[PDB]
């Protein structure tokens, strides 16, 4: 079984009616919805670096899609379709069946179509997914735009996936293996959030991209960070390391005025929202604990 049978056997379910031309030709074709901009991103997952080597093939496929839908959500946009480029050393039916199942389970959960890609042989498992979304023209939430006085907020919990990586077997491994892209929240933040980013590297480092892009600073309250009860029971130091520098969260961190935060809380959401601090004028990220300044040194995930 070779390249072309592989595509047909695992990556060629019937295309959505809303896709002008799916898998089968030199490119895919999409008809843009009217009065909307294309939103596009791509992220690579390297075996043994973005996930443990023994990660289940289903989880590998899920996360490959999930982390890229998360980057669409971080813009306020609605995801539409993906391309899948996979390089793998060996043809393993069992692995490919479970991997394609994770691809399609994530796509199906968020209404996304798989419309093309590329399948190659290479010595190390390497997956690049390109994601495409659409957004009302002009309405994208940027990493710039945060203003002094805006609240700093984050969805869900932070630190779960990082704790899980260090405690494989623990229930919190599910947050490492199966992050949830906050797609509907991202769309609900269109027109409310003044800036936004998804927490892939670590909350402090990813907030920092907003602070640099907006030429502002932020003061965070450590005891308001939303952590899992398990992390609430570990020592404070390691708890805040996990929460602020763990990464792999794929939650949304955003800024928002107090008035728009009240409108956001009136909405029906599928995820917890926590206000964790405020944007300030001084161009520094600082931490507060029990009403006093808390010095804290911290580094997020960077390749190389």
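Numbering follows the first chain given and starts at 1.
- Of the two stretches examined, 89-97 and 203-211, the record assigns the greater average C-alpha temperature factor to 89-97.
- Between the stretches 292-300 and 15-23, it is 292-300 that shows the larger average CA temperature factor.
- Of the candidates 119, 233, 108, 180, the deposited coordinates give 233 the top C-alpha B factor.
- Set against one another, the Cα B-factors of 53, 273, 39, 65 in the record reach their highest point at 53.
- For residue 243, the recorded CA B-factor ranks within the middle third of the chain. Only modelled residues enter the ranking.
- Ranked against the other modelled residues of its chain, the C-alpha B-factor of residue 45 as given in the entry falls in the lowest third.
- Among the modelled residues of its chain, residue 70 has a C-alpha B-factor that falls in the lowest third, as given in the PDB entry.
- The deposited CA B-factor of residue 28 belongs to the lowest third of values across its chain.
- Among the modelled residues of its chain, residue 173 has a C-alpha B-factor that falls in the middle third according to the deposited record.
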